[PDB]
């Protein structure tokens, strides 16, 4: 069952064995992935998060981010630790009370403390649209049509060396999959369809690192949504999905009744499908209960290419049709050396006082804010352009901006910008050496918004900056509840920190 929009959510430690290997984890709602949180567009969500964690090896504090939800007027509820709040301590709870005006689509929630979401705190978050303009393109859209893709590690996250190339031990599809080494024939996930029906499959990357080549043998996929943004219909036979991205696609159950492999090949870790790694099963009602016998093609003839995507609505592009054609045109210098990432010469290390609390306490320019050199102010009601030229080790890096979606003016592997009709999204691969992936948005949401690579090991190694958007209006725009004001005193008392 789905939960929400008003619900409790308990965060616990438990043993799980999603690939046959038992390890302890950090779980929401007692499962991996966590339960789907759902509501309708414009609803009030009140997710009262109970921190019941006791195992220090995965951290007993927590904080949860609602990925892709704009949090306009509720920056305090966004979740990134030491940007918008201090962590919730064990034995305490916190009501994330916010609204989702003007958004409808496929989202997710995850821990936003250290690398804790890798240890299991990740689940789907769906905002349905009762008047969806795509409603007539499918018959079925429910909890059974959500497909999560996850990396899973046998080593606990707090034992992963900072700045290292860290590699997973299994791909999990809907929480199940097989280990790349010491492979055992543990259970695979089954997605069941009825011959002749059309399904809105909501594909969610809950990855901490790898991108996946996703396909379904015998079937093609008609994309209708990208990171919450409705798209024109685009039919593909493979989707390369980067960490934290989402797609909705129409699956037409138009092939003979039978069993078909669902494939998710990561860019690192186990390659291929031996022993049923990187796999799940599409089963038609009436098919025999047995593994598929289907083959992938040697090459995919209609893969997703990001420049093929276009919004369903006439979203356009803000600013002027050339590089630098914005009120505030930025170019970030994105680098890696010696185990640490940097942005504009500064490696991100979380501050003691959350950025939002520094601003509410009166610090009002970005050079007054900590960490020094890690906060860039943005002017209000302005067109912002951010060029993100690739080349830093560990690519391709999927960059994500909190508080906003953005026009993808230039995509990976293509030097031509699009100032007319590019897709809008919230997480974008910056590509490879010599690329110049560039995003645009307008500043209509006061508050500090994190910008970072969504490979969680890279964020931990410093690949982040904070956009302090409209500092002067942050306090008036974002009134804070007493329970939020109580978080830093409680956290600092529990941890013997002076501030």
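Take the two forms, find the largest set of C-alpha atoms that superpose within 1.5 Å, and that set is the rigid core. Numbering follows the first chain given and starts at 1.
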Do the Cα atoms of 161-169 or of 389-397 sit farther, on average, from the shown structure in 9 other deposited structures of this protein when the rigid core is superposed? 161-169
Decide which of the stretches 355-363 and 227-235 has the higher mean C-alpha B-factor, going by the entry. 355-363
Determine, for stretches 1-9 and 489-497, which one has the higher mean CA B-factor as deposited. 489-497
I'd like to know which of 409, 369, 127, 386 has the highest C-alpha temperature factor in the PDB entry. 369
Quick one: which of 405, 184, 207, 222 shows the highest Cα temperature factor in the PDB entry? 184
Lowest, middle or highest third: where is residue 447 by Cα B-factor in its chain? lowest
What third of its chain's C-alpha B-factors does residue 39 belong to: lowest, middle or highest? middle
Assert third(CA B-factor, residue 314) within chain per record equals highest
Among the modelled residues of its chain, does the C-alpha B-factor of residue 139 lie in the lowest, middle or highest third? highest
Quick check for you: using the entry's CA B-factors within this chain, is residue 462 in the lowest, middle or highest third? middle
